[PDB]
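Enquirer: Attaching a single structure in structure tokens format; questions to follow.
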Amino acid sequence: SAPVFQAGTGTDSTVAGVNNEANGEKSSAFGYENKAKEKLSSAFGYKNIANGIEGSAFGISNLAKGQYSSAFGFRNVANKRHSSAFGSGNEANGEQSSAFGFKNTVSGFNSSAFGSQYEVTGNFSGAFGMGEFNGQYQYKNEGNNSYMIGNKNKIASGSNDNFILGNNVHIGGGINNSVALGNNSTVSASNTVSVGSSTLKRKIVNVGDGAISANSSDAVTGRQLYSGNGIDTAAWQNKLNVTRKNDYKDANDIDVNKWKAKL
Amino acid sequence: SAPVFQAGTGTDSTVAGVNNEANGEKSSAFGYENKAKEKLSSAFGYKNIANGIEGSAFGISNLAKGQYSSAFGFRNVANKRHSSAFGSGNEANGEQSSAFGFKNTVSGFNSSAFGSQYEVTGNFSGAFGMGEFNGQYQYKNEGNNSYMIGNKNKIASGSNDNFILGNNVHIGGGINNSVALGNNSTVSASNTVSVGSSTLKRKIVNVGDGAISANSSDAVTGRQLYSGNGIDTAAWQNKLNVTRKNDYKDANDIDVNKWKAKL
Amino acid sequence: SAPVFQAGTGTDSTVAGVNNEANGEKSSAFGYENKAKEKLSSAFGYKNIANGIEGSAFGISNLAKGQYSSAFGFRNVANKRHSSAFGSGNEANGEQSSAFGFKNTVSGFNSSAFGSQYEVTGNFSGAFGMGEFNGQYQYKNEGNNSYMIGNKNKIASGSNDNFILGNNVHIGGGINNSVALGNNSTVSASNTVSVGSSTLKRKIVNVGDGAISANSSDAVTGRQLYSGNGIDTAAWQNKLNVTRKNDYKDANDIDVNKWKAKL
Amino acid sequence: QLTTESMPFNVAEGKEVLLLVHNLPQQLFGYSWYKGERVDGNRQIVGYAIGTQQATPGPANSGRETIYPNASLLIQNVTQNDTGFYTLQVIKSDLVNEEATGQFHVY
Amino acid sequence: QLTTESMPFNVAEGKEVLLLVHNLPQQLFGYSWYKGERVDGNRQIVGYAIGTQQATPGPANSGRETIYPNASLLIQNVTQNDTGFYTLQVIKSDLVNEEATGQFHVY
Amino acid sequence: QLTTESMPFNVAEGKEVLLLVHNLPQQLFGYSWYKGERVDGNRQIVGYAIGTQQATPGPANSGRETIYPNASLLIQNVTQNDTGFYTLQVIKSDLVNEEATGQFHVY
């Protein structure tokens, strides 16, 4: 069919291209075979559908179903309120969610995904990096208030308040308040910081001197163990039975009769 | 009014839709009631305004005021040069700034915000994650060369060169060169790394062995304190008054007269 | 020339504006002097070129050359399959790559750049933050499976599996499996975690108590060195020659003849 | 039209003052109470967020102002420095804003 | 049309079963094998990715199913609980999907 | 038209060589000096950035080349291997580029 430039079936609507239809009030369908179906909706490009109020579809084969939703690029889906899909093959099924990049799925409340092939199903969580996808997602972030940065990381359901900066870290169920640092690291308890695994261990370098006192929660360096300054002399002297030199030069605390016998 | 497809009031300008007006040279206004007012400016969608030279507004109710500025999505504002607003409700008031996601405000030079409800007012700073907004922003990044990753974090003014990876961390004034790790952590001094607070403390696990020498800034593990290998024997022997066995089997350094008396 | 609203040279194609040309099948060229040259391609705005199959150019002076490629904003370039450029002056020359912000270049496989003036030439790598550019890039990420967060950081070629969270950190050649934390930090070996440099050192605070046993890879706090609980008494008693008090009160292991002489 | 009502207009030196809101729009996002006639960052008393059901005090809070989940304000133990004008800001679900003004004088 | 063929249709209680695919489209992205008639997350056996040349088992794997890089499935040591329907999903280079169904019964 | 001038064209074996620029466009972003006739990454001497007012040497720097904030180059203690062509790249505020070429021979 020849292109047509006229009004649509709604009030103050406009269709511009080939086989376009605008059905809402103040709607715009520009391009090839686009569909705008609600109030104040815009469909620009090739075969774009806008079904939500104030929803925008811009590009190739995009869908904008939620209210105040935006789909920009190649084959993006926005479903909930204030949800944004930007790039190639992104879907956002959470309120106030953001999917940016290649093949990212977000289904939590106020969650963000940036990169390639991650799924975030937790609330107030975030993903930065790369995963895998072969029909189903194989690395997900299922914890609440947890964040992941890297490649091929996983957080289970029921494990909350976790932070991962590394590769190939898998946190199991029942672990809370933990931090994992490094590549190929493992976490197996709550309220811990891990810098390695049971097969490979790392060293912490360039550490300042702590305080040696009764109540001091500071790390200790090698020089402090080498020198021994600032320790409790009495505790070490009664932990290890020591005969003090001043009490040895002047005979003190001896059993006299036993020294009579041998001598 | 019926849609109209003709030229505008500028040289080589084009208006396409209902009640559009293009006033600049080589300008384009496509959609419903759009306004392009400068040179090489584009307004596509519903009620978009482009007031800057080479500024683009694409979507619903967007504003592009700066030179080489881009507003893409739902109700975005770009004000300065090379500033980008992408998503829903973002404003960028800094040169070479970037706001991506839902309700993010950036007003620094070369600063970036990704996520939901953060404000970055510092220079060369960055925010990744979630905050809060109820008319005013309640969590801001006001430091220079500082970065935040997580939920509900704050950096004050005058506190520079800080990095936060966690939740509910508030850095006060006068703190520089600090790192905070974990959830519900506290920082109270400069040149420190904190892995907990004064109510909850964390353990560092999977740490390799350090070096026990005169000048060694390496961490010490539990096995090294258990065994005691590599320490200075003389320093510990004169720190704790020890009578050596070889000097005890062979009577040395004794006060003869006092041993005469008791024996 | 006056604006023209008619069909193009392809099948079911559309041109709308001034001096537009659409040559592909089901192509759209809307705006000022746009060019769509392939199948299912869209050029919207000012002087946009779409040369790839299902490629989209939206904004001012954008180029979309790869298949399923997207260029959105001001002067963006997308070259490979599933590559996205969003913002101002971004180029993506890798398959499934993402450039977001101001002047970001990505040339790796599944790599992501967010911010201002970074280049990522490695595979499965990522950059978040700010760099520098004066004709050539002066800070690059050239490692595989490595991630950088901050300002002015560098990773060399051949250095893989590295993570940087900080400023002014330069990793040399031959370093693998390392983590750098803080501002102005240095790394000089493999399988290490660094929290400072050789001129400025940091302290680790708020650390829980470790375990003192034969095989315990946990950090030690100041209170444990102060008190000395849980150590091997025999190892310290034979490392430091101690004469035990119970063996001193009762004369044991003495050379009788030498005590005859002096006494 | 959004309206604000004070009760009572004239109050004693130790009583309670209650500010109510009539004709509040539906489908909102949050509220915020200010001091004076203009919306200012440094002159905010308290704010409320509906998404998380949260209330957070502002820089100009003394410890005597309470907000209720109907855009209602309660002030206790008023003094002679608490007399004058007050401003209310309402944010809707489309990110648009609304303003209202109330007043009361203490004797 | 994408087709799936079982060989043999009737198998013993300890032999091998091989499922082959004919008319496989070009320029693909990955494969995935399921159990039953519907594509379900909890009922996936194994999947393959062409970008990284990787094979990864799913939640419904026992240790007897092997995938080959031609969308072919091998099952060893079959029992009476392994009889019925199977589904194959093919993802293309444009992110569009295709489905196929096979069947076999054990005696 | 952007022009480059050498002074002096013929120089001794131990003197200084100064390269100046005339008709430099306004509203720029940075400069960069190369060796030869083409813009190459491995053959950069020094570059300047106006946003941060910064100067940074390149891979082909020996320690004798200085840049000035007017796109001017100074070379000291020249040898017989420093004779030939040089290229200047200018980046504008719109991200477009400009090129210029200079030359000098040492006796």
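By order in the structure tokens, chains are A, B, ...; within a chain, residues start at 1; ligands start at 1, following the order shown.
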If DSSP is run on the backbone, what residues of stretch 70-246 of chain A are alpha helix (DSSP H)? A reply as an MDAnalysis selection string would be ideal.

Expert: chainID A and resid 222:227 233:239 245:246

Enquirer: For chain B, report every residue with an atom at most 7 Å from chain C (counting only C-alpha atoms), formatted as a PyMOL selection string.

Expert: chain B and resi 6-7+14+26+28+42+56+68+70+82+84+96+98+110+112+161+177+179+191-198+201-208+219-223+225-228+233+242-245+249-251+256

Enquirer: Near stretch 12-18 of chain E, within 6 Å and counting only C-alpha atoms, which residues show up once chain neighbours fewer than 3 positions away are dropped, as number ranges by chain?

Expert: E: 7, 73-79

Enquirer: Take the selection from the previous step and output its residues with C-alpha atoms, as a PDB file, in the first residue's frame.

Expert:
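File written: part-v6.pdb
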```pdb
ATOM      1  CA  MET E   7      15.829 -44.106  17.560  1.00  0.00           C
ATOM      2  CA  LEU E  73      20.311 -36.052  22.969  1.00  0.00           C
ATOM      3  CA  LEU E  74      21.627 -39.349  24.352  1.00  0.00           C
ATOM      4  CA  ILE E  75      20.062 -41.139  27.335  1.00  0.00           C
ATOM      5  CA  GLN E  76      21.639 -44.202  28.961  1.00  0.00           C
ATOM      6  CA  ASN E  77      20.257 -46.816  31.378  1.00  0.00           C
ATOM      7  CA  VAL E  78      16.613 -45.921  30.862  1.00  0.00           C
ATOM      8  CA  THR E  79      13.911 -46.961  33.322  1.00  0.00           C
TER       9      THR E  79
END
```

Enquirer: Report the distance between atom CA of residue C:145 and atom CA of residue C:171 in Å, rounded to one decimal place.

Expert: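 Atom CA of residue C:145 sits 14.2 Å away from atom CA of residue C:171.
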
Enquirer: Could you name the residues that touch stretch 19-32 of chain F at 7 Å or less, counting only C-alpha atoms, but leaving out those on the same chain fewer than 3 positions away, as a list in words?

Expert: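 My reading of the contact set: residues 134 and 135 of chain C; 1, 2, 3, 4, 5, 6, 7, 46, 47, 48, 49, 50, 71, 72, 73, 74, 88, 89, 90, 91, 92 and 93 of chain F.
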
Enquirer: Got time to write the residues from that selection, N, CA and C atoms, as a PDB file, in the first residue's frame?

Expert:
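Written out: part.pdb:
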```pdb
ATOM      1  N   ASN C 134      43.077  13.198  25.067  1.00  0.00           N
ATOM      2  CA  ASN C 134      43.591  14.392  24.400  1.00  0.00           C
ATOM      3  C   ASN C 134      44.050  14.065  22.985  1.00  0.00           C
ATOM      4  N   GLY C 135      43.252  13.289  22.263  1.00  0.00           N
ATOM      5  CA  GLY C 135      43.645  12.811  20.953  1.00  0.00           C
ATOM      6  C   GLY C 135      43.880  11.318  20.968  1.00  0.00           C
TER       7      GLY C 135
ATOM      8  N   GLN F   1      42.877  28.937   7.045  1.00  0.00           N
ATOM      9  CA  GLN F   1      43.450  27.599   6.984  1.00  0.00           C
ATOM     10  C   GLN F   1      44.533  27.419   8.043  1.00  0.00           C
ATOM     11  N   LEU F   2      44.472  26.296   8.757  1.00  0.00           N
ATOM     12  CA  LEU F   2      45.450  26.008   9.798  1.00  0.00           C
ATOM     13  C   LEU F   2      46.834  25.825   9.186  1.00  0.00           C
ATOM     14  N   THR F   3      47.824  26.533   9.729  1.00  0.00           N
ATOM     15  CA  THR F   3      49.175  26.505   9.182  1.00  0.00           C
ATOM     16  C   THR F   3      50.196  26.282  10.287  1.00  0.00           C
ATOM     17  N   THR F   4      51.304  25.636   9.926  1.00  0.00           N
ATOM     18  CA  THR F   4      52.410  25.375  10.840  1.00  0.00           C
ATOM     19  C   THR F   4      53.690  25.954  10.256  1.00  0.00           C
ATOM     20  N   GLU F   5      54.486  26.606  11.103  1.00  0.00           N
ATOM     21  CA  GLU F   5      55.715  27.262  10.674  1.00  0.00           C
ATOM     22  C   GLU F   5      56.875  26.812  11.549  1.00  0.00           C
ATOM     23  N   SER F   6      57.982  26.437  10.914  1.00  0.00           N
ATOM     24  CA  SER F   6      59.189  26.048  11.627  1.00  0.00           C
ATOM     25  C   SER F   6      60.169  27.213  11.688  1.00  0.00           C
ATOM     26  N   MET F   7      60.893  27.308  12.804  1.00  0.00           N
ATOM     27  CA  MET F   7      61.842  28.404  12.942  1.00  0.00           C
ATOM     28  C   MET F   7      63.049  27.978  13.768  1.00  0.00           C
ATOM     29  N   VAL F  46      53.538  14.131  22.522  1.00  0.00           N
ATOM     30  CA  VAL F  46      52.938  14.799  23.671  1.00  0.00           C
ATOM     31  C   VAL F  46      51.531  15.240  23.292  1.00  0.00           C
ATOM     32  N   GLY F  47      50.677  15.367  24.296  1.00  0.00           N
ATOM     33  CA  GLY F  47      49.312  15.818  24.079  1.00  0.00           C
ATOM     34  C   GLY F  47      48.868  16.729  25.198  1.00  0.00           C
ATOM     35  N   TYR F  48      47.870  17.559  24.902  1.00  0.00           N
ATOM     36  CA  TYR F  48      47.367  18.548  25.843  1.00  0.00           C
ATOM     37  C   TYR F  48      45.847  18.487  25.897  1.00  0.00           C
ATOM     38  N   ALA F  49      45.303  18.637  27.102  1.00  0.00           N
ATOM     39  CA  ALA F  49      43.866  18.648  27.343  1.00  0.00           C
ATOM     40  C   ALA F  49      43.479  19.971  27.987  1.00  0.00           C
ATOM     41  N   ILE F  50      42.470  20.628  27.412  1.00  0.00           N
ATOM     42  CA  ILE F  50      42.061  21.951  27.874  1.00  0.00           C
ATOM     43  C   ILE F  50      41.083  21.852  29.039  1.00  0.00           C
ATOM     44  N   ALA F  71      49.510  25.453  21.122  1.00  0.00           N
ATOM     45  CA  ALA F  71      49.873  24.477  20.095  1.00  0.00           C
ATOM     46  C   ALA F  71      51.239  24.806  19.488  1.00  0.00           C
ATOM     47  N   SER F  72      52.233  24.915  20.368  1.00  0.00           N
ATOM     48  CA  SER F  72      53.601  25.206  19.967  1.00  0.00           C
ATOM     49  C   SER F  72      54.528  24.151  20.544  1.00  0.00           C
ATOM     50  N   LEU F  73      55.496  23.719  19.738  1.00  0.00           N
ATOM     51  CA  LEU F  73      56.405  22.643  20.115  1.00  0.00           C
ATOM     52  C   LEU F  73      57.835  23.158  20.163  1.00  0.00           C
ATOM     53  N   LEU F  74      58.570  22.760  21.200  1.00  0.00           N
ATOM     54  CA  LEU F  74      59.978  23.100  21.354  1.00  0.00           C
ATOM     55  C   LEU F  74      60.793  21.821  21.470  1.00  0.00           C
ATOM     56  N   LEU F  88      50.279  17.410  13.274  1.00  0.00           N
ATOM     57  CA  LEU F  88      49.523  17.985  14.381  1.00  0.00           C
ATOM     58  C   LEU F  88      48.043  17.696  14.189  1.00  0.00           C
ATOM     59  N   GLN F  89      47.396  17.208  15.247  1.00  0.00           N
ATOM     60  CA  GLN F  89      45.967  16.932  15.257  1.00  0.00           C
ATOM     61  C   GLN F  89      45.283  17.847  16.263  1.00  0.00           C
ATOM     62  N   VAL F  90      44.184  18.465  15.841  1.00  0.00           N
ATOM     63  CA  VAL F  90      43.408  19.378  16.674  1.00  0.00           C
ATOM     64  C   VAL F  90      41.990  18.842  16.783  1.00  0.00           C
ATOM     65  N   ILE F  91      41.521  18.640  18.022  1.00  0.00           N
ATOM     66  CA  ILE F  91      40.134  18.133  18.275  1.00  0.00           C
ATOM     67  C   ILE F  91      39.280  19.320  18.710  1.00  0.00           C
ATOM     68  N   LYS F  92      38.108  19.501  18.106  1.00  0.00           N
ATOM     69  CA  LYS F  92      37.269  20.691  18.386  1.00  0.00           C
ATOM     70  C   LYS F  92      36.226  20.382  19.459  1.00  0.00           C
ATOM     71  N   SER F  93      35.318  21.322  19.721  1.00  0.00           N
ATOM     72  CA  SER F  93      34.304  21.151  20.795  1.00  0.00           C
ATOM     73  C   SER F  93      33.140  20.288  20.307  1.00  0.00           C
TER      74      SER F  93
END
```

Enquirer: Per DSSP on the backbone, filter stretch 20-191 of chain C down to the residues in strand (DSSP E or B) and report them as a ChimeraX atom specification.

Expert: /C:21-22,28-32,35-36,42-46,49-50,56-60,63-64,70-74,77-78,84-88,91-92,98-102,105-106,112-116,119-120,126-130,133,137,140-141,147-151,154-155,162-167,170-171,178-183

Enquirer: Show me, as a list in words, every residue of chain E with an atom at most 12 Å from chain C, counting only C-alpha atoms.

Expert: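 In the required form, that comes to residues 51, 52, 93, 94 and 95 of chain E.
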
Enquirer: Extract, using only C-alpha atoms, all DNA, RNA and protein residues at most 7 Å from residue E:59, discarding same-chain residues fewer than 6 positions from it, and format them as JSON, numbers by chain.

Expert: {"E": [42, 43, 44, 45]}

Enquirer: At a cut-off of 8 Å, using only C-alpha atoms, what residues contact residue C:143? Leave out same-chain residues fewer than 3 positions from it and give the result as a ChimeraX atom specification.

Expert: /C:121-123,125,146,155-162

Enquirer: Suppose we keep C-alpha atoms; can you now write the selection as an mmCIF file, in the first residue's frame?

Expert:
```cif
data_model
loop_
_atom_site.group_PDB
_atom_site.id
_atom_site.type_symbol
_atom_site.label_atom_id
_atom_site.label_comp_id
_atom_site.auth_asym_id
_atom_site.auth_seq_id
_atom_site.Cartn_x
_atom_site.Cartn_y
_atom_site.Cartn_z
ATOM 1 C CA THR C 121 40.217 -3.596 24.842
ATOM 2 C CA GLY C 122 39.940 -6.793 26.900
ATOM 3 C CA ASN C 123 37.432 -9.627 26.807
ATOM 4 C CA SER C 125 36.009 -6.833 31.226
ATOM 5 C CA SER C 146 39.243 -7.622 35.007
ATOM 6 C CA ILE C 155 45.781 -2.628 33.575
ATOM 7 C CA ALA C 156 48.456 -3.895 31.200
ATOM 8 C CA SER C 157 48.307 -6.673 28.607
ATOM 9 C CA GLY C 158 48.957 -10.155 29.959
ATOM 10 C CA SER C 159 47.681 -9.238 33.438
ATOM 11 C CA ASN C 160 44.414 -11.137 33.872
ATOM 12 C CA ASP C 161 41.832 -11.601 36.641
ATOM 13 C CA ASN C 162 42.265 -8.258 38.403
#
```

Enquirer: How many Å lie between atom CA of residue A:97 and atom CA of residue A:137, rounded to one decimal?

Expert: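 Separating atom CA of residue A:97 from atom CA of residue A:137 is a distance of 18.5 Å.
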
Enquirer: Work out how far atom CA of residue A:120 is from atom CA of residue C:95, in Å to one decimal.

Expert: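 The value is 23.3 Å.
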